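Participant: Based on what follows, work out the 3D shape:
(2 chains, ligands or ions: 6)
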There are 2 protein chains.
Amino acid sequence: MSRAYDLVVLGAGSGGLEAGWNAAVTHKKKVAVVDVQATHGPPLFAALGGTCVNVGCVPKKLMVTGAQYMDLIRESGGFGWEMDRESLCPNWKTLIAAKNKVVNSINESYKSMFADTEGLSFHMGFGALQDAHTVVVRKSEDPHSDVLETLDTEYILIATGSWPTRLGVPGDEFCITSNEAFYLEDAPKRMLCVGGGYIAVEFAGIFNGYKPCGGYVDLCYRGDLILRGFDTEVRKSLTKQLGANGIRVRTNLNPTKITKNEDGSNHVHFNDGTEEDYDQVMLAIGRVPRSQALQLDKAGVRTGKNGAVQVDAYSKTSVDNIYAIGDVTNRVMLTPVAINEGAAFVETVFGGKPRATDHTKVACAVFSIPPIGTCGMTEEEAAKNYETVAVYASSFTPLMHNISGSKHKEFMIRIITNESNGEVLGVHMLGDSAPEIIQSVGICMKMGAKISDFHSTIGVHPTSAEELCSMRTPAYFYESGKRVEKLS
Amino acid sequence: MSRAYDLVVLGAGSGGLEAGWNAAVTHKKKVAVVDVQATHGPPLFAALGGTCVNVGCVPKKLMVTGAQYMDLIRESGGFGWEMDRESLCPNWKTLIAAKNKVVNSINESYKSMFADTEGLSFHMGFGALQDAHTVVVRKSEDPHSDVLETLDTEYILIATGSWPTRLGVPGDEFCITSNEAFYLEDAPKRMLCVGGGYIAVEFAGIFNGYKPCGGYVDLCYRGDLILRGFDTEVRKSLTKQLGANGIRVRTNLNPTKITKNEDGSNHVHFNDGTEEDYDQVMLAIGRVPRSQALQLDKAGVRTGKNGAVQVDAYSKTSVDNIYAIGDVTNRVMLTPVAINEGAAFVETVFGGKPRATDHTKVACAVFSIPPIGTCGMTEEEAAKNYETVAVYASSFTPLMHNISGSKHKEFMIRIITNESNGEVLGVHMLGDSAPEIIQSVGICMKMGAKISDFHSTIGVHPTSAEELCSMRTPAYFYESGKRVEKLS
Ligand SMILES: Cc1cc2nc3c(=O)[nH]c(=O)nc-3n(C[C@H](O)[C@H](O)[C@H](O)COP(=O)(O)OP(=O)(O)OC[C@H]3O[C@@H](n4cnc5c(N)ncnc54)[C@H](O)[C@@H]3O)c2cc1C
Ligand SMILES: Cc1cc2nc3c(=O)[nH]c(=O)nc-3n(C[C@H](O)[C@H](O)[C@H](O)COP(=O)(O)OP(=O)(O)OC[C@H]3O[C@@H](n4cnc5c(N)ncnc54)[C@H](O)[C@@H]3O)c2cc1C
Ligand SMILES: NC(=O)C1=CN([C@@H]2O[C@H](COP(=O)(O)OP(=O)(O)OC[C@H]3O[C@@H](n4cnc5c(N)ncnc54)[C@H](OP(=O)(O)O)[C@@H]3O)[C@@H](O)[C@H]2O)C=CC1
Ligand SMILES: NC(=O)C1=CN([C@@H]2O[C@H](COP(=O)(O)OP(=O)(O)OC[C@H]3O[C@@H](n4cnc5c(N)ncnc54)[C@H](OP(=O)(O)O)[C@@H]3O)[C@@H](O)[C@H]2O)C=CC1
Ligand SMILES: N[C@@H](CCC(=O)N[C@@H](CS)C(=O)NCC(=O)NCCCCNCCCNC(=O)CNC(=O)[C@H](CS)NC(=O)CC[C@H](N)C(=O)O)C(=O)O
Ligand SMILES: N[C@@H](CCC(=O)N[C@@H](CS)C(=O)NCC(=O)NCCCCNCCCNC(=O)CNC(=O)[C@H](CS)NC(=O)CC[C@H](N)C(=O)O)C(=O)O
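Facilitator: Numbering: from 1, shown residues only, chains lettered A, B, ... in the order given. Ligands and ions are numbered 1, 2, ... in the order given. Right below this line is the structure:
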C-alpha cells in the first residue's frame, strides 16, 4: 500500500496548516493541504492561514488596538496633552485599508512558504470525502460541481473549523456577521451587535471606537447577563464599564423581524415588541462546526450535535486513519489549541512517540475594550465538583486613572482555590494588560500552583500584576456548594 | 524592663511603614514611626510614605505614562486617527500639578491612618541614636539642634533608605538629581541626563516626552554600554531603540566642569574635552545608603562600604535589638523587597515564628520608554557558576507596528537555562507590557521552573507573552563558561 500523499489536510487553518507543515519538514512525509482560496476574501472569507489569520484573531486584534486609541487620546488630555479635541476624527477607511495591507502580506508569506518547502503542496478547492483514502477536490461546495483533483492518501485530517450561526427569523439575510464586519466599506453610525459572546463584545468595542458623530452602539442579548462562562463578578463589572464607555447594553432582548427602508438602513423589531433603526446589524450568535458539505456520511465519520466531528483524546475519528482538529471537533475553540491538537497528532502518528492535549487550565482572553484574562474553573463550577473552596477578591483602580479622568477602569482579580489543599483552580482578571499577565498565570496553574505559591513571591512595585501576590485572607468561602462566610 | 515603645521605626519608608503598621495592628505592640516631614516636599524631599511614594516609583510612573503618550498619539495617526499634527503640545505644568494632586492625596490618606490606628504614632524630626534602647528626635541633621523628643524603646528599625550620589567636580552643585527633577518649574528644552542607571534612563524617557519644540535629550555615561547588570543583548537593543526614539545616547563620556551662563543655562565640559549648553543637567550616579547622619557609632552598629548597615539574613544588626531594612542595607534596593524584609522582621521578632527573605529570583522592572522585564541570572553569570547552560532567544516585531509606523519597537525575549537540570535561571524581556508579564514569570521561577515547563503550556493567542511557551530550539550554549553552538 504505497499511496500518492502521506497526508491530506482539509483546511489551511491555524490547526491544519501547523500539522501539514510539521509532518513535511521534521518527518518529511508527503503532505497536501486543501483550502478554499488564495488570500483573505470578500466572496469566500477564510483562506490560506485559517479563520484566525483572515477573519479572526489577527485582523480583529488590529481593529481593537485602533479603537482603543479613542480612550487613550481623550485620556492624554489630563496629562497635559492639549490639542484641538475636535481636530479629531477616526477614519475607518484608512483602518481597513491598512488592515488589508497587513493580512495580505501574511497571505503572501504563506504562498512563498509552499514554494520553498519540499513535501508541501497547496491544493485549492472544496474538499470532500469519497472514502477513507480518497479525497475529492471540487470547485463548488455544491456536490454536483466539477471534479478538479482526486488525491490518494494514507491519512486525512479535517481542519475546516467553524462557521457563523445565523438565527432563523424574517430578515435574517439583512444582517451581517463577523465575516462581513471586516469588509464594511464605511463606519456604521447607528449600530446593533446581537448576542453576548467573545465576538459580540469585542466587536461592540470596535464600532464604539470608529463611530462618527452622533453614532452609537447597542448590544442586545437574549439572557440577563453577558458572556456566560466567565467569573460572574467579572461579567457584571464589564457591563458597567462598557456602559460607561458608551456601549448601550440591553439584556433579555432579542429581535424577531428585520426589514429594509427607503434609505437602505435596516429596521429592527424586538422581543419586547419595539422598533429601532440601525445602519447595520451584526449577528454574533456563535459558530457551528463546518462539516455541512464534507460528506462524512459517504466515508463513515460520526457527527454529533450540529456536525461536531467526534474524536478520541488523540484527535482520531470513527475511522482508524481519519482525524479532525480545531473548531470542527467542538472542544474548546481557540487558535493555540487547534495548534496543539495538530502538533500532538504529528508526534503521535508520524513521530511514533504519541501524545494528547491538555484541555483544562487553558488560559484564554476576551479582547473587549477592557480586556479579560481568565484561566481555570469558574467560581460556580469549582464550587460544584470541589468540596471546600475559597474566593480571593481584589478590585483596585490604578494610579493613572485619577488623572486620565476614567475613574471607572478599575482593575479586577478573582482567585478560586481548593480550601482542602490550597490549590489554585481559577484566576480571573478584568483590566488593561490582563491578557498579557494571565498567560504566565496559565503556566503556573498547569504547573499546579497554590495560593501560597502566589503571595510568597516578591513583586514588581508599580505593576498591576503585583497585586496577584497580595491576596492572603480570602473574601469568602464555598462549603460543599453553598454561600458561606466562616468554617467552624 | 517595661519601656514606652515596643518598637521605634526610624523612617516612614515603604519598608518602614509596613513594619510599623504590622506590629501595631496584627500584634498590637506599641510602635512609633519617625520621619522628616508630613507631605511630599521640595525643601526636604521624602516624607511620610517613603522615597517611593514621594520622590520615587509612584510619581515617577505617572510621568512615564504621560511621556508614553507622545508615541501613542503619533502612532494612532496610522490607524486612521486624523487630526492637527501640530495642535498637539505637551504642558509640563498641568502634569506636575496633576502629579501633586495625586501624591498629596496619598500623604493625606496616611495622616488619617495614624489617627485611626491604636498603637501607631508619627513623630516628626531627624532620628539619631543615644544608645541601644534610646532614640533621639532632633529638628536638624545638625547634632547641635534642639532635642525635640526622646523615645524609650525595646526595638529600633532603621528604614532611612538611600540618598542621591553626587560626583565631585567643579559645578557639581549646579546640577539637579532624581529629587529636584520632580519639581522643575518648566519642561527643559536642552537636557542632559548623566549616568546609565534605572533613573538615568527612565528619566531620559520622561523629558524626551515633555520636551517642547526643538528640544532634545542627551544621555551620557562613563562606561561603554548602558545599564550594566541586565541581559547584555537587551542592553544593546534598548540603546538602539532609545536612539530611534529621539534620545541621543553617548557612551564613554563624562563631564568635568560645569559653569553657569549669563542667560541662566548651565555649561558643560566633557571627558573628551568638548563643550555644550543645556538648560538643565540631572545626576543619576547612584544612591548611597542614608545613614551618614544617624550616629550609629555612638550605639555600636557597624557600617561598611559607604555606611551600608551590616545585617544578617534576618535583618539584625551589630546589636541584639537593632535592625535595618530597605535601601540602607545595600542588598539590591526596591520597594517590595523592603516590604518583605519589613514583614519578615515582624513575624521574626513579634510573630514568634522567625523568617528569612529570598533575595534571589526577584522579578524587577525598568520603566524606560520601552519597558524592561527581568528576573533571575544574566547570561554572563549563569555561564560562570553553573556548569553547562543554554540560551533561548526570540525577537519579533508585534502585529500593530507595521501600521503605527514604529517598525523599531521589536519585542525581545531571552531565557537562560541550566542544561543538565533544564532549570530556568533567568528571563529577560524588552517591550511594552514587559513589567506586567515578568511578574508571573517570577512566581514560576521561585516555584522552580524548566524550559520544558514553559513549552508544555498552551497560549493566549494574540499576545506577546504567548511567545514564552514557543521556545524549544536554543540559540546557543555556554559549556563551562564558553561560547558554543554544539555540545560534545
Ligand atoms: C472573529 C473571530 C475572532 C477570534 N479571535 C480569537 C482570539 O482572539 N484568540 C484565539 O485564541 N482564538 C480566536 N478565534 C478562534 C480561532 O480563529 C479558531 O479557534 C482557530 O483558528 C481554529 O482553527 P482550525 O484549525 O479549526 O482551522 P481554521 O483556522 O478555523 O481554518 C479552517 C480552514 O479550513 C478551510 N475550509 C473550510 N471548508 C473547507 C472545505 N470545504 N474544504 C477545504 N477547506 C475548507 C477554510 O477556508 C479555513 O481556511 C477567533 C475566531 C473568530 C471567528
Ligand atoms: C526616582 C526613584 C524611582 C524608583 N522607582 C522604583 C520602582 O519603579 N520600582 C521599585 O521597586 N523601586 C523603585 N525605587 C526604589 C524604592 O523607592 C526604594 O528601594 C524603597 O523606597 C526603599 O524603601 P525603604 O524601606 O529603605 O524606605 P524609603 O522608602 O526609602 O524611605 C525612607 C524614609 O526614611 C526617612 N528618613 C531618612 N533619614 C531619616 C532620619 N534622619 N530620621 C528619620 N527619618 C529619616 C525618609 O524621609 C524616608 O521617608 C525608586 C527610587 C527612586 C529614587
Ligand atoms: N478567545 C477569543 O478571543 C475568541 C474566542 N472565540 C471562540 O469561538 C466560538 C465562537 O462563538 P462566538 O459567536 O462568541 O459566540 P459563543 O457561542 O461564545 O457565544 C454565543 C453567544 O450568543 C448567544 N446566543 C446563542 N443563541 C442565541 C439566540 N438564538 N439568540 C440570541 N442570542 C443567542 C449565546 O447566549 P447563551 O450563553 O445564553 O447561550 C452566547 O452569549 C466560542 O465558542 C469561543 O470559544 C470566538 C471569538 C473570540
Ligand atoms: N526597579 C526600578 O524601576 C528602579 C530601581 N531603582 C533602584 O535604586 C537605585 C537607583 O539607581 P540610580 O543610582 O540610577 O543608578 P544605579 O547605581 O543602578 O546605577 C548607577 C549608574 O551611574 C553610573 N555611575 C556611577 N558612578 C559614576 C560616575 N562617577 N560617573 C559617571 N557615571 C557613574 C553607574 O555606572 P557603572 O555601571 O560603571 O557603575 C551606573 O550606570 C538602584 O540601586 C536600583 O536597584 C531605581 C529606580 C528605578
Ligand atoms: N497603586 C499601585 C501601586 C503603587 C502604590 O501606590 N504602591 C504602594 C506604596 S509604594 C501603595 O501605596 N499601595 C496602596 C495603594 O496604592 N492604594 C491605592 C488605593 C487606596 C487604598 N484603597 C482603599 C479603598 C479600599 N477599597 C474597598 O474596601 C472596596 N470598596 C470600597 O471602597 C467602597 C465601599 S464597599 N465601594 C465600592 O468600591 C463600590 C461602589 C460602587 N461603585 C457604587 O456605585 O455603589 C497599583 O495599584 O499598582
Ligand atoms: N505575531 C503575533 C502573534 C499573532 C500571529 O501573527 N500569529 C500566527 C497565526 S494566528 C502567525 O501568523 N505567526 C507568524 C508571524 O507573526 N510572523 C512574523 C515573523 C515572520 C518570520 N520571518 C521568518 C524569517 C526569520 N526572521 C528573522 O530571524 C528576523 N530578521 C532577520 O533575520 C533579518 C536579517 S539578520 N533582520 C534583522 O534581524 C534586523 C536587521 C537590523 N535592523 C539591521 O540594522 O541590519 C505576536 O507575536 O504578537
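Participant: count of neighbours near residue A:413?
Facilitator: 24 (other CB atoms under 10 Å in any protein chain shown). The way it works is simple: take the backbone N, C-alpha and C, and place the C-beta from them, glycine included.
Participant: Just give the nearest non-adjacent residue to the residue in chain A that ligand 3 sits nearest to, would you?
Facilitator: Nearest residue of chain A to ligand 3 (CB to the nearest ligand atom) works out as residue A:197 at 2.3 Å. Excluding the flanking residues, the one nearest residue A:197 by CB to CB, 6 or more residues apart in numbering or on different chains is residue A:284, at 5.5 Å.
Participant: For the one you found, give me its contacts.
Facilitator: A:177, A:178, A:193, A:194, A:195, A:196, A:197, A:199, A:200, A:203 (CB atoms under 8 Å, 6 or more residues apart in numbering or on different chains).
Participant: How about residue A:441?
Facilitator: Each residue near residue A:441 by CB under 8 Å, 6+ apart is listed here: A:363, A:373, A:375, A:427, A:468, B:440.
Participant: ok so, going back, among the contacts of residue A:284, which ones lie close to ligand 1?
Facilitator: Under the cut-off given by CB under 6 Å from any ligand atom, ligand 1 has A:178, A:199 from these close to it.
Participant: Which of the contacts of residue A:284 fall in helices?
Facilitator: A:178, A:199, A:200, A:203 (DSSP state H).
Participant: Which stretches in the stretch 201-350 of chain A count as strands?
Facilitator: Taking DSSP state E, counting those that start in this stretch, the strands of the stretch 201-350 of chain A run over residues A:216-220, A:247-250, A:257-260, A:266-269, A:275-278, A:280-283, A:287-289, A:322-324.
Participant: picking that back up, quick one: which of the contacts of residue A:284 is nearest to residue B:472?
Facilitator: Nearest to residue B:472 among those, counting by CB to CB, is residue A:199 at 31.9 Å.
Participant: doesn't residue A:178 make contact with the closest one?
Facilitator: Yes. Counting by CB atoms under 8 Å, residue A:199 touches residue A:178, with 5.4 Å between them.
Participant: Mind checking which of those two has more residues around it?
Facilitator: Set side by side, residue A:199 and residue A:178 show more neighbours around residue A:199, with 24 against 20, by other CB under 10 Å.
Participant: In contact with the more buried one, which residues?
Facilitator: Neighbouring residues of residue A:199 by CB under 8 Å, 6+ apart: A:178, A:284.
Participant: ok, it to residue A:61 distance?
Facilitator: Residue A:199 sits 13 Å away from residue A:61, taking CB to CB, to the nearest Å as the criterion.
Participant: How about residue A:426?
Facilitator: On the measure of CB to CB, residue A:426 and residue A:61 end up 25 Å apart.
Participant: Residue A:421 too?
Facilitator: 38 Å.
Participant: Same check on residue A:170?
Facilitator: 35 Å.
Participant: ok, these two, which is more surrounded?
Facilitator: residue A:61 (20 against 12).
Participant: I figured that one hits residue A:367, correct?
Facilitator: Yes. Applying CB under 8 Å as the test, residue A:61 and residue A:367 come out as touching, 6.5 Å apart.
Participant: Where does the stretch 101-250 of chain A get nearest to ligand 4, which residue?
Facilitator: For the stretch 101-250 of chain A, CB to the nearest ligand atom, closest residue to ligand 4: residue A:241, 29.2 Å.
Participant: now do chain A
Facilitator: Counting by CB to the nearest ligand atom, chain A gets nearest to ligand 4 through residue A:461 (6.9 Å).
Participant: show me the contacts for the residue nearest to that residue when sequence neighbours are not counted.
Facilitator: Once flanking residues are discounted, residue A:461 sits nearest to residue B:335: 3.9 Å by CB to CB, 6+ apart. Going by CB under 8 Å, 6+ apart, residue B:335 touches A:461, B:14, B:50, B:52, B:56, B:57.
Participant: May I ask which two of those are separated the most?
Facilitator: Farthest pair in the contacts of residue B:335, by CB to CB: A:461 and B:50, 10.5 Å.
Participant: Please say which of those two ends up with more neighbours.
Facilitator: A side-by-side neighbour count of residue A:461 and residue B:50, using other CB under 10 Å, places residue B:50 first with 28 against 21.
Participant: hang on, that one packs against residue B:14?
Facilitator: Yes. Between residue B:50 and residue B:14 there is a contact at 4.3 Å, judged by CB under 8 Å.
Participant: between those two, what contacts are shared?
Facilitator: Counting by CB under 8 Å, 6+ apart, the residues touching both residue B:50 and residue B:14 are B:335, B:338.
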